[PDB]
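Residue numbers (the entry's author numbering), protein chains in the order written: chain A, 265 to 321, 341 to 461; chain B, 338 to 376; chain C, 75 to 174; chain D, 674 to 687.
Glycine residues also receive a C-beta, built at the ideal position from the N, C-alpha and C atoms.
First up is the structure itself, then whatever we jot down about it.
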Amino acid sequence: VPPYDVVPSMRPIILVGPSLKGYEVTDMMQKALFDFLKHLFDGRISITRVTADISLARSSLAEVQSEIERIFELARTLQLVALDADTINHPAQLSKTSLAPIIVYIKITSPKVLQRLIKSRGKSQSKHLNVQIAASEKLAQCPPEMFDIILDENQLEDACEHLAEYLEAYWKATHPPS
Amino acid sequence: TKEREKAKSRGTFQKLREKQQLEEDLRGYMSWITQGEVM
Amino acid sequence: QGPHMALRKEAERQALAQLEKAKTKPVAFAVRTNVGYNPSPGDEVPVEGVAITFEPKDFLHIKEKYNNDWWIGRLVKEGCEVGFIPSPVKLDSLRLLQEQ
Amino acid sequence: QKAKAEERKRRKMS
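Written out as structure tokens, the structure is:
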């Protein structure tokens, strides 16, 4: 058992947990959150779009590790890293690599509102009713203290008052004054 | 108060608490879309 | 005594100057801790007083490597400065001295 | 909204 594990110097920010990604419901809720952190922390963030499944160390080892080492490059200049990962739907899905990303957990406080969200997306997402509520339940079955940042706020500004201030408390933790 | 606290126990704290919490949340579902569809 | 204090006290100030000259150095590599540790009086600490402590699942932005038994780096926490990080072979040395 | 808003404060402050 090694006591120290080579992690990046600035942890990559990940947004997840509303429900299963790969849908019009969960992704378009997160796409509003990537827009807020783009211009609020402009010049001190690196926001990327993730394609290959990084829960593997499908894709081979080389195509994933060359993207993991790109996250290793984005920790060298001591700035924020943000990931648009499209298959991450579990806390322990990213527990075996050497990244340890920031688990921002979007919390839908009421499970009945999700399937009302589902019937607002037309009949395309109305064919995918109970399949989204599975990992919407399983992430709600996971303990909230295992996560990092919890967002239970319906309005934009109240989910974003936590989403800006927590990492601003995290930036001053990483960076000391002169 | 007497005409309330009889029927206030029945169904009227469970009808108004939810539909003002789901009202925030129905807008709490649509506001992440409309800031993610434009920019 | 007097012949033992000529070299032991000139090593504490020389390791203190290396400790002051590494706070402005950029962060090389950060580690994830698995166990807990606090500084003790007999840990062969180079500058007695400026060592840092970590519990299980903490983060250490290591600046540089002082020797084979102590690293130099800071705790990821508001206001915390640099400090003496015990190396994994120093963490290998401390447990076997608890048996011998 | 008194038993909710300051419970959003009890999470952030710790």
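Take the alpha-carbon of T312 (chain A) and the one of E86 (chain C): they are about 46 Å apart.
Closest option to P266 (chain A), judged by alpha-carbon separation, among C:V163, C:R82, C:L171, C:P120: C:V163. When the five nearest sequence neighbours on each side are left out, the beta carbons in the same chain lying within less than 7 Å of the beta carbon of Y449 (chain A) are those of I432, in order along the chain. Following the DSSP letters along the chain, one finds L171 (chain C) in no alpha helix (DSSP H), marked with neither H nor E.
For the region 392-420 of chain A, the set of positions with a beta-carbon nearer than 9 Å to some beta-carbon of chain B reads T392, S393, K395, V396, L397, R399, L400, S403 in chain order. The region 266-280 of chain A and the region 371-386 of chain A touch, with three or more beta-carbon pairs separated by less than 8 Å.
A straight-line Cα-Cα distance of about 57 Å links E340 (chain B) and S378 (chain A). Residues are counted here when their Cβ sits less than 8 Å from a Cβ of chain D; for the region 424-441 of chain A these are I433, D435, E436, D441, given in chain order.
With respect to chain A, the C-beta atom of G348 (chain B) has no partner C-beta closer than 9 Å. Taking 9 Å as the CB threshold, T338 (chain B) stays off the interface with chain A. For chain B, the residues of the region 299-317 of chain A that bring a beta carbon within less than 9 Å of one of its beta carbons are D299, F300, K302, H303, in chain order.
Excluding five sequence positions before and after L279 (chain A), the CB atoms of its chain that fall closer than 6 Å to its own CB belong to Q294, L297, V387, given in chain order.
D362 (chain B) counts as buried, since at least 16 other C-beta atoms from the protein chains shown sit within 10 angstroms of its C-beta. Distances from the CA of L90 (chain C) to each of C:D166, C:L171, C:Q172, C:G157 were compared; the closest alpha carbon is that of C:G157.
Chain-order list of chain A residues neighbouring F103 (chain C): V270, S273, by C-beta distance under 8 Å.
Among the bridge pairs identified by DSSP, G157 (chain C) is matched with C:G147.
By the rule that beta-carbons nearer than 9 Å mark a contact, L297 (chain A) touches chain B.
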